[PDB]
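Going line by line, the protein sequences match chains B and A. Here the authors' numbering = 1-based position in the first sequence + 8. Here the authors' numbering = 1-based position in the second sequence + 5. Please read the structure below before turning to the comments.
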Amino acid sequence: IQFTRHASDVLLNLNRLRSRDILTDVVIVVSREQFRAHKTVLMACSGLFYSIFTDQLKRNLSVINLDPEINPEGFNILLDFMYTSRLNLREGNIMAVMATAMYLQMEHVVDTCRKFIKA
Amino acid sequence: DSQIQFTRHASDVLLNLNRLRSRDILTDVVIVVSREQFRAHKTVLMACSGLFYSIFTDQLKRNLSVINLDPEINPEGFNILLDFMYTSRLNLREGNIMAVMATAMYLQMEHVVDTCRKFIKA
Ligand SMILES: Cc1cc(C)n(-c2ncc(Cl)c(Nc3ccc(Cl)cc3)n2)n1
Ligand SMILES: Cc1cc(C)n(-c2ncc(Cl)c(Nc3ccc(Cl)cc3)n2)n1
């Protein structure tokens with residue numbers, strides 16, 4: 009038996025845990041801005057976080073600092089996407105979202121941004 | 006803002022969380038049922054079950070690394086439900102239906118309980 013709403017229900021509940029700061033186990037720092045999250049959700053969405061949270065050096069760190077070129081607004085848009093399946097874009101931030109998704113190794117998001125930029 | 010909906014995203018997240026469970030990556034709790042051990046992610050358990058949600062939101066129990074389920078709970082019934090939590094697939098059959106329904110009632114998974122009731126009535 010297949011429950012079509014199950015995965016979206018799980019994601020909705022994970023986003024509720026994030027909003028309530030329940031079992032968040034990492035702070036992602038982007039140009040001093042802090043983002044509280046679940047390492048499992050981050051690894052499930054990003055090639056970069058899969059690498060970081062399996063990394064012998066970084067796996068137990070409670071704080072991860074992204075490279076200094078990374079845009080905090082771009083990161084916030086992508087973190088919201090990870091937990092909701094909804095990507096919120098504007099003409100003024102789409103390039104920063106694309107650059108962030110490239111860094112986070114989120115190819116389908118990169119491709120979606122790229123196609124919208126060309127359109 | 007322009008809003009793009011990724012309709013397969015939620016399913017891809019769940020698939021990847023199940024892959025982490027399979028490889029025992031970031032698992033932070035062992036659920037013990039009649040001494041049978043089940044490794045899982047607390048957040049996934051909370052997202053699927055009223056019982057787990059109440060256990061890990063409770064600050065006294067939030068950091069427990071082992072949770073023992075009530076003695077009346079069948080490990081096979083729990084295994085079916087744990088697989089459902091991580092896959093959206095519920096493997097119901099005549100031989101396990103009573104045990105699966107009883108476990109879903111205990112775990113407070115009312116949608117699954119309803120599905121079990123429909124299976125018995127069919
Ligand atoms: C066979 C298989 C294929 C994938 C993508 N797996 C997998 N399993 C678990 C996780 Cl958390 C995860 N995350 C993740 C996401 C984005 C990127 Cl580019 C890389 C890896 N990916 N497994
Ligand atoms: C306002 C609100 C509504 C829900 C369903 N919330 C919620 N948020 C987060 C989680 Cl993890 C969670 N799990 C969960 C699942 C099964 C059962 Cl019976 C009870 C609660 N439930 N919050």
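All C-beta atoms, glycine included, are put in the ideal place defined by N, C-alpha and C.
Inter-residue spacing [alpha-carbon to alpha-carbon] between residue i and residue j
{"i": "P80/A", "j": "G82/B", "result": "45 Å"}
{"i": "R24/A", "j": "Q10/B", "result": "19 Å"}
{"i": "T32/A", "j": "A127/B", "result": "43 Å"}
{"i": "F61/A", "j": "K123/B", "result": "42 Å"}
{"i": "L19/B", "j": "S54/A", "result": "14 Å"}
{"i": "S16/A", "j": "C121/B", "result": "21 Å"}
{"i": "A45/B", "j": "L22/B", "result": "10 Å"}
{"i": "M114/B", "j": "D88/A", "result": "27 Å"}
{"i": "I85/A", "j": "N101/A", "result": "9 Å"}
{"i": "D63/B", "j": "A52/B", "result": "15 Å"}
{"i": "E77/B", "j": "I125/B", "result": "20 Å"}
{"i": "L69/A", "j": "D6/A", "result": "42 Å"}
{"i": "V118/A", "j": "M110/A", "result": "6 Å"}
{"i": "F43/B", "j": "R67/A", "result": "21 Å"}
{"i": "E41/A", "j": "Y58/A", "result": "21 Å"}
{"i": "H14/B", "j": "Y91/B", "result": "14 Å"}
{"i": "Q8/A", "j": "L112/B", "result": "20 Å"}
{"i": "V38/A", "j": "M106/A", "result": "16 Å"}
{"i": "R28/B", "j": "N73/B", "result": "23 Å"}
Any non-hydrogen atom of ligand 1 within 7 Å of residue i CB
{"i": "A52/B", "result": "yes"}
{"i": "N101/A", "result": "no"}
{"i": "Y58/B", "result": "yes"}
{"i": "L74/A", "result": "no"}
{"i": "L86/B", "result": "no"}
{"i": "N21/A", "result": "yes"}
Assigned exposure category for residue i - 16 Cβ within 10 Å defines buried
{"i": "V71/B", "result": "exposed"}
{"i": "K47/B", "result": "buried"}
{"i": "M103/B", "result": "exposed"}
{"i": "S93/B", "result": "buried"}
{"i": "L50/B", "result": "buried"}
{"i": "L95/A", "result": "buried"}
{"i": "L65/A", "result": "exposed"}
{"i": "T108/B", "result": "buried"}
{"i": "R98/B", "result": "exposed"}
{"i": "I36/B", "result": "buried"}
{"i": "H116/B", "result": "exposed"}
{"i": "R26/A", "result": "buried"}
Residue i Cβ short of 7 Å to ligand 2 heavy atom set
{"i": "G55/A", "result": "yes"}
{"i": "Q113/A", "result": "yes"}
{"i": "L25/B", "result": "yes"}
Of the residues that make up the region 12 to 36 of chain B, which ones have a beta carbon closer than 7 Å to any beta carbon in chain A? Listed by position, the residues of the region 12 to 36 of chain B near chain A (Cβ gap below 7 Å) are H14, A15, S16, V18, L19, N21, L22, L25, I30, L31.
Using Cβ-Cβ distances below 9 Å, what residues of the region 49 to 75 of chain A are close to chain B? Within the region 49 to 75 of chain A, the residues whose Cβ lies closer than 9 Å to some Cβ of chain B are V49, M51, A52, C53, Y58, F61, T62, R67, listed in chain order.
Under 8 Å (Cβ pairs) to chain A, residues found in the region 74 to 91 of chain B: Within the region 74 to 91 of chain B, the qualifying residues are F89, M90.
Check distances from the C-beta atoms of the region 100 to 114 of chain B to those of chain A and list, in chain order, the residues that come in under 8 Å. Cβ contacts with chain A come from no residue of the region 100 to 114 of chain B.
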